[PDB]
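Remarks on the overall topology
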Amino acid sequence: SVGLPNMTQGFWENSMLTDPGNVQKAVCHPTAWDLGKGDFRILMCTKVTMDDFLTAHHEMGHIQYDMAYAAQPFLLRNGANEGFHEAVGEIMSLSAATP
Amino acid sequence: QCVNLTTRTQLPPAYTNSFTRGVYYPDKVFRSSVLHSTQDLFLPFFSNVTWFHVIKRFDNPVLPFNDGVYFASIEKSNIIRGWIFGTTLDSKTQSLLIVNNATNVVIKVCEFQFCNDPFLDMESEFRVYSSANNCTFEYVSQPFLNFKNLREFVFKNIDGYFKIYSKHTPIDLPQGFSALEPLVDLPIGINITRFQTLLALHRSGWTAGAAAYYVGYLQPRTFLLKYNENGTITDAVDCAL
Amino acid sequence: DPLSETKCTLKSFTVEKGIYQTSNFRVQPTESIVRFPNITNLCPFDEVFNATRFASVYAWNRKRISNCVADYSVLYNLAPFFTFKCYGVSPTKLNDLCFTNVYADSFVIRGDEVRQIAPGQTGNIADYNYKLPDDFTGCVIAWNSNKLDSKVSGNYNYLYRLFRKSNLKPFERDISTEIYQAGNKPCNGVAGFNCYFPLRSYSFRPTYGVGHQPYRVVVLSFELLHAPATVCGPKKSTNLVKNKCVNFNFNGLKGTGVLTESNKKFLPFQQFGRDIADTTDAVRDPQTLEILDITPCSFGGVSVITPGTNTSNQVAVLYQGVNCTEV
Amino acid sequence: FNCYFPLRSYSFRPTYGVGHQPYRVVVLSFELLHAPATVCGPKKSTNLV
Amino acid sequence: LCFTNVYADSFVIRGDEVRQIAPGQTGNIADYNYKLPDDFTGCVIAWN
Amino acid sequence: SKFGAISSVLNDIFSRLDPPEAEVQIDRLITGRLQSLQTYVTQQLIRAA
Ligand SMILES: *[C@@H]1O[C@H](CO)[C@@H](O)[C@H](O)[C@H]1NC(C)=O
Ligand SMILES: *[C@@H]1O[C@H](CO)[C@@H](O)[C@H](O)[C@H]1NC(C)=O
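Residues numbered from 1 in each chain as written, not as in the entry; some residues may be left out. Chains lettered and ligands numbered in written order. Part of a larger assembly, values for the part shown. Heavy atoms only, no water. Residues with missing side-chain atoms left out of burial classes, pairs and counts.

Per the deposited record, determination of this structure is attributed to cryo-EM, with the resolution reported as 2.9 Å.

1. Digging into the overall build of chain D
Condition: The helix count covers DSSP runs of H or I at least four residues long, the strand count covers runs of E at least two residues long, and both are numbered beginning at the N terminus.
Helix and strand content of chain D: 0 helices and 1 strand. Seen through its principal axes, chain D has C-alpha atoms that stretch 75 × 30 × 10 Å.

2. Some details on the site of ligand 2
Let me state the cut-off plainly: A molecule or strand has a residue near it when one of that residue's heavy atoms lies within 4 Å. By the criterion applied in these results, polar contacts are pairs of N or O atoms within 3.5 Å in which, for protein atoms, one can donate a hydrogen and the other can accept it, and in which residues neighboring in sequence qualify only through two side-chain atoms. We get accessible surface area from the Shrake-Rupley algorithm with a probe of 1.4 Å; when it comes to residues, only the shown protein chains can shield them. Three classes are used: nonpolar for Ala, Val, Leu, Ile, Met, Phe, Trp, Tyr, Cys and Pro, charged for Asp, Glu, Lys and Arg, and polar for all others, with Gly counted as polar.
The full set of residues close to ligand 2 is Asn228, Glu229 and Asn230 of chain B together with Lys265 of chain C. More than one chain reaches ligand 2: its neighbouring residues belong to chains B and C. Measuring from a nitrogen atom of ligand 2, one finds a side-chain N or O atom of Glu229 of chain B at 2.6 Å. Between ligand 2 and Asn230 of chain B, the relevant distance is 2.4 Å, taken from an oxygen atom to a side-chain nitrogen or oxygen of the residue. Relative to its free-state accessible area of 370 Å², ligand 2 is covered by the protein chains to the extent of 32%. Broken down by class, the residue content of the shell around ligand 2 amounts to no nonpolar, 2 polar and 2 charged.

3. Some remarks on the side chain of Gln64 of chain A
Residue and element names in this part refer to chain A. We count it as follows: It only takes one pair of heavy atoms within 4.5 Å for two residues to be counted as in contact.
Relative to the helices and strands, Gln64 resides in helix α2 (residues 50-68). At 3.2 Å, the side chain of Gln64 forms a polar contact with the backbone oxygen of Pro5. Setting aside its immediate chain neighbours within four residues, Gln64 contacts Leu4, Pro5 and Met7.

4. Some points on the state of the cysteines
This is how it is decided: Note on disulfides: each one is a pair of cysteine sulfur atoms within 2.5 Å. Three exposure classes are used, based on accessible area relative to the maximum for each residue type with a 1.4 Å probe and protein chains only: buried under 20%, partly exposed in between, and exposed over 50%.
Applying the stated rule across the entire model yields 6 disulfides over all chains. Each sulfur in the disulfide pair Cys2 of chain B and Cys115 of chain B lies 2.0 Å from the other. One disulfide, between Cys2 of chain B and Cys115 of chain B, carries an S-S torsion of -70° and so falls in the left-handed class. Residue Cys2 of chain B is classed as partly exposed on the basis of its relative accessible area of 42%. For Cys187 of chain C, the disulfide goes to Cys195 of chain C, at an S-S distance of 2.0 Å. Measuring the twist about the S-S bond at about -100°, one finds the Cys187 of chain C-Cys195 of chain C disulfide to be left-handed. Relative accessible area serves as the criterion here: at 8%, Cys187 of chain C is assigned to the buried category. The exposure class assigned to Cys195 of chain C is buried, which follows from its relative accessible area of 2%. Sulfur of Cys40 of chain D: no disulfide; nearest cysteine sulfur belongs to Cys2 of chain E and is 4.6 Å away.

5. Description of the interface of chain D and chain E
How large an interface is tends to be reported as the accessible area lost when its parts come together. Applied cut-off: Note: buried area is the sum, over both parts, of the accessible area (probe 1.4 Å) each one loses when the two are combined. Salt bridges are identified by distance alone: a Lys or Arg side-chain nitrogen within 4 Å of an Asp or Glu carboxyl oxygen. Here a strand pair is declared whenever DSSP counts at least two bridges between the two strands.
Across the contact, 25 residues belong to chain D and 30 residues belong to chain E. Overall, the association of chain D and chain E removes approximately 2,900 Å² of surface from exposure, summing both partners, and the carbon and sulfur fraction of that is 60%. Put simply, chain D and chain E have 0 salt bridges between them. Taken together, the residues of the side of chain D that touches chain E sort by class into 17 nonpolar, 6 polar and 2 charged. When strand β1 (residues 23-30) of chain D meets strand β1 (residues 6-13) of chain E, the two strands line up antiparallel, connected through 8 bridges. Bridging across to β1 of chain E, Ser29 of chain D finds its partner in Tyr7 of chain E.

6. As for the sheet that holds strand β5 (residues 62-64) of chain B
All names here are of chain B. For clarity, the threshold we go by: Between the N-to-C directions of two axes lies an angle of 0 to 180 degrees, each axis being a line fitted to C-alpha atoms and, for a helix, fitted only over the stretch in contact.
As summarised here, the arrangement of the 6 strands in space is β5-β14-β7-β8-β9-β10, forming an open sheet in which the pairing is antiparallel. Every interior strand has two partners, whereas the edge strands, β5 and β10 (126-141), have only one. Strand-to-strand twist in this sheet, taken as the mean axis angle between neighbours without regard to direction, amounts to 35°. Bridging between strand β9 (residues 105-120) and β10 involves 10 bridges; their strand directions are antiparallel. Note that in β10 the partner of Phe114 across the bridge is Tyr129.

7. Thoughts on the arrangement of the chains
Where 7 pairs of chains are in contact, the pair with the most contacts is made of chains D and E. Looking at chain B next to chain E, you find no contact at all, with the nearest C-alpha pair sitting 28 Å apart. With no contact between them, chain A and chain F keep their nearest C-alpha atoms 49 Å apart.

8. What about unusual backbone geometry?
A positive phi angle, near 55°, is found at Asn41 of chain C, a position not held by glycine. Assignment of secondary structure puts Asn41 of chain C in the loop between β2 (31-35) and α2 (46-49).

9. Comments concerning the sheet that holds β1 of chain E
Spatially, 3 strands are ordered β1(E)-β1(D)-β2(E) in an open sheet, and the strand pairing comes out antiparallel. Of all the strands in the sheet, just β1 and β2 (42-47) of chain E have a single pairing partner and so form its edges. Direction aside, the axes of adjacent strands within the sheet are offset by 15° on average.

10. What about the nonpolar core?
As a reminder, the rule being used: Here the nonpolar core consists of buried residues drawn from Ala, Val, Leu, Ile, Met, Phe, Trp, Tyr and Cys, with membership extended through side-chain atoms lying within 4.5 Å.
Formed by 47 residues in total, the largest nonpolar core has its most connected members in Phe45, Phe49, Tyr72 and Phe107 of chain C. When residues in this core are grouped by element, the largest group, 6 residues, is from strand β12 (residues 214-223) of chain C. The contact partners of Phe49 of chain C, leaving out residues within four places of it in the chain, are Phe54, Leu75, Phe81, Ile141, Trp143, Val218 and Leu220 of chain C. Listed in part, the 36 residues of the second largest apolar core include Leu5, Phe58, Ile79 and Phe85 of chain B.

11. Here's the deal with a nonpolar patch on the surface
The line we're drawing: Two joining distances apply to patches: 9 Å for like charges and 5 Å for nonpolar side chains (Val, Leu, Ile, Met, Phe, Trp, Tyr), and every residue must have over 30% relative accessible area and no salt bridge.
Taken together, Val74 and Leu78 of chain C together with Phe1 and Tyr4 of chain D make up a surface patch of nonpolar side chains, about 410 Å² in accessible area. Turning to its location among the elements, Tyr4 of chain D is positioned in the segment before β1. Overall, the relative accessible area of 35% leaves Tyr4 of chain D in the partly exposed class.

12. Re the interface of chain A and chain C
In this assembly, 6 residues from chain A lie in contact with 5 residues from chain C. When the two sides are added together, the surface that chain A and chain C hide from each other amounts to roughly 500 Å², 49% of it contributed by carbon and sulfur. If you look at where chain A meets chain C, you find 0 salt bridges. When residues of the side of chain A that touches chain C are traced back to their parent elements, those giving at least two are α1 (10-14) and β2 (39-43) of chain A. The residue makeup of the side of chain A that touches chain C, split by class, is no nonpolar, 2 polar and 4 charged.

13. Let's talk about the site of ligand 1
All names here are of chain A. In the neighbourhood of ligand 1, the contacting residues comprise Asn6, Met7 and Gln9. At 2.4 Å, a side-chain N or O of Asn6 approaches an oxygen atom of ligand 1. Protein burial of ligand 1: of its 370 Å² of free accessible surface, 29% is covered by the chains.

14. Some points on the pattern of salt bridges
Residues and elements named next belong to chain C. Within the structure shown, the criterion is met by 20 salt bridges over all chains. One salt bridge connects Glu31 with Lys244, and the closest N-O pair in it is separated by 2.4 Å. Remark: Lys244 occurs in the loop between β13 (231-232) and β14 (245-250) and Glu31 occurs in strand β2; sequence separation between them is 213 residues. Shared partners join several salt bridges into a network, and the residues in it are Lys264, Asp281 and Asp293.

Listed below in structure tokens is the structure:
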């Protein structure tokens with residue numbers, strides 16, 4: 001709706017958004033994964049909560065930032081400074097939290 | 001595998017009259033009891049056709065192709081087997097190959113490096129070339145085959161087509177009329193300026209059997225052709241004789 | 001009616017007593033028919049498109065196509081070949097147009113580099129692996145090959161030339177493995193500082209994006225020379241129609257007439273028949289070796305006998321040269 | 001299979017060559033007939049002699 | 001000249017398909033998209 | 001007779017060429033055949049006299 005392109009189909013078959021269970025141990029920390037070579041994943045132990053919805057919007061903002069600089073070289077495939085990467089994902093949560 | 005033969009008995013080129021040989025169907029159209037005039041490459045009547053003798057006579061020279069060739073052979077026991085075709089007659093340019101073994105015929109257009117003295121040797125020893133680099137077309141069909149066999153061939157190269165006309169007649173050149181029917185069409189699209197016959201040598205060294213062949217060149221001229229009721233050519237007249 | 005047909009020819013509304021010839025009787029035509037010999041000796045498209053293994057982009061292969069009929073409709077009919085961008089010739093007319101030789105070029109590249117396979121384009125594949133001329137008469141076919149060219153551990157069998165001293169010429173293959181000279185110091189055969197191997201292996205895996213999944217690319221190059229065009233498209237055969245006034249196409253000849261059974265004895269090599277008028281009166285069907293007398297649709301002159309319209313209105317019709325058991 | 005969408009879309013890109021650049025084509029048809037002409041070229045009338 | 005009625009047809013085609021806009025000319029757009037009559041008086045304008 | 005055209009077969013001319021040039025070729029064929037027919041008619045008239 002805001003103008004960012006929809007994510008690729010590879011995200012669906014490569015990202016696990018639910019806790020695997022007791023048999024498999026997975027990190028529940030909210031982390032966005034830019035593996036490179038056009039591969040983007042988010043490690044999510046998402047629950048049905050408002051925060052996880054805002055956390056998801058905050059973490060897609062990280063990954064959505066990643067496809068933006070995909071054309072730039074790998075060493076330059078980063079934010080201009082350390083503050084930009086988290087800031088661009090925070091406005092996503094701020095806008096999604098509006099009534 | 002090349003072996004140079006020095007047992008040749010040198011002889012100056014011979015000649016004989018062509019009489020009324022070399023008439024072939026110029027197209028594939030049926031005509032009945034009509035006199036039709038056509039202009040195409042033809043062997044002029046009563047021309048001076050070269051005579052080559054095989055007997056110790058070993059006539060395997062290289063002749064120019066010009067606009068066309070009329071190949072005739074007074075043959076028995078099938079000493080003649082095939083021909084070579086090309087311009088530089090080596091691996092530099094594309095060359096054409098015609099061979100007829102005891103089973104069938106083999107047609108290949110490759111960058112052959114022919115032997116200086118190509119020939120064939122029961123017959124189970126084929127020694128006619130040394131290499132084959134780029135093969136662009138190959139064709140296989142049925143074999144073409146007292147002096148009892150007369151074989152007459154016509155070779156043409158127009159618009160990249162290699163036409164072959166043949167006629168087998170059971171019998172110097174005899175007096176009569178016999179039209180030559182088309183046999184095979186080859187869409188090769190190369191240029192040919194020289195050729196060389198391939199002969200089969202009998203090993204029991206080697207001895208050459210009783211055979212002879214003639215080479216005549218075609219010219220563009222007008223013939224008036226007479227068709228019978230059944231559609232075959234029975235007589236013709238050379239309009240410039 | 002014939003009386004009005006007479007008025008129409010005379011360009012008048014009153015007709016004097018006499019006999020007038022107006023028009024002719026040829027049973028009108030009706031259908032359109034085309035016949036060609038049996039479609040055999042199909043070009044080996046399966047051996048290239050359905051090949052078990054495709055070569056690397058730098059070792060891009062040559063497969064010349066000749067002396068066969070090429071059915072471009074079948075290859076286009078395959079659903080997986082979603083990408084089909086064709087250059088210099090309409091895909092529809094490829095089924096009919098003929099060329100001397102067809103060059104089939106096959107290799108494997110990434111999805112993002114598919115756009116580099118085009119005339120006037122640049123890139124690592126364009127400059128170092130495969131350069132395509134601007135005046136390119138032909139076109140390419142590309143499709144996803146993730147299911148075949150990708151392994152979970154990585155399919156490293158496919159390599160691309162990362163570095164070269166100069167851009168490749170059109171239709172030029174460079175398979176040299178000489179160490180690239182990136183600096184002024186000589187390489188001396190050692191891939192050290194400012195010296196690296198020009199070829200890099202693609203690490204294709206099924207867990208990549210759409211732009212990085214392997215894409216098998218088959219490139220078709222078409223050329224026309226003085227040599228005869230021996231690569232033709234398939235020809236459609238229409239069921240035979242006889243004893244009717246039809247338009248026929250037999251091996252490229254056009255005409256109109258009724259096709260009837262013929263008792264003529266053609267020679268085995270002969271195909272066409274001509275009368276003393278030098279007109280095609282007989283023809284041999286390509287599907288079945290039978291001779292069809294191309295009788296002109298029953299044609300005949302007509303003539304109307306009439307008294308003056310000042311006297312009466314009845315007319316009589318004469319068909320000269322026709323036995324009227326046939327009308 | 002054997003059932004395809006007949007409508008294909010031009011994906012025009014500025015990176016494409018002149019062979020694939022978009023071109024705007026305007027087709028003009030004239031009805032030069034015996035009907036009373038309505039489309040007039042630039043001309044000046046004159047008194048009837 | 002003076003015309004009775006004038007019609008303007010406008011569309012967008014590829015670069016190499018401009019030659020297919022001609023009377024009696026065959027092609028994909030000619031056969032399937034836009035065909036001009038043979039006895040056609042009038043003419044076309046194309047620009048980049 | 002070709003009468004200066006590329007082919008002596010009218011339908012072959014229609015089929016193998018575009019109609020814009022096939023029409024010119026057919027015009028050449030038609031005028032040649034009309035010339036032949038009128039020559040025949042004129043000679044017939046003289047012989048009839
Ligand atoms: C993304 O959007 C484009 C354009 O609407 C569409 O073609 C594509 O299928 C979409 N992809 C996904 C995964 O929704
Ligand atoms: C033509 O063929 C018939 C057989 O149908 C034969 O009797 C006749 O002799 C042939 N004509 C010639 C001139 O050989």
